[PDB]
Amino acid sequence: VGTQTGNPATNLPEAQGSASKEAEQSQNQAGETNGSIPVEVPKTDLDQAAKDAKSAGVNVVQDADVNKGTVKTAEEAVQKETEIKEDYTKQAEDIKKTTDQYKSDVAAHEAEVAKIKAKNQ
């Protein structure tokens, strides 16, 4: 009695055993992470604007994906998703502006050309 822990217990006298290798490793690695959960924001408006641009004869270049990185909470992700939607919306508007200005310039040009052609006629 008392040889296991220094407490002379008459029931449940055994000392706590060694930790498992699994628990030791897991605890030593507390807070560590691997991978992540990808999240998506719809791109359909931006895609349609680029498509419309191509259809109007505008030259369209797709740049590399911008990696916003990784955030630790759903609330940060919702914030960043909102920023992305707003960025897509601005990108789309800018493209659309350019496409409308091109269409107008081309219309104006052909009109002038028609005047000149009628003169040379």
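One-based numbering along the sequence shown.
**Message:** So, looking at the entry's B-factor column for Cα atoms, which has the higher mean, 58 to 66 or 36 to 44?
**Reply:** Stretch with the higher mean C-alpha B-factor: 36 to 44.
**Request:** Higher average CA B factor in the deposited record is what I'm after, so tell me if that's 84 to 92 or 45 to 53.
**Result:** The recorded data point to 45 to 53.
**Asked** Going by the entry, which third of its chain does the Cα temperature factor of residue 11 land in?
**Response** Within its chain, residue 11 is a lowest-third residue by C-alpha B-factor, going by the deposited values.
**Item:** Where the record places residue 23 (Cα B-factor, split into thirds across the chain)
**Value:** Answer is lowest: the recorded C-alpha B-factor places it there.
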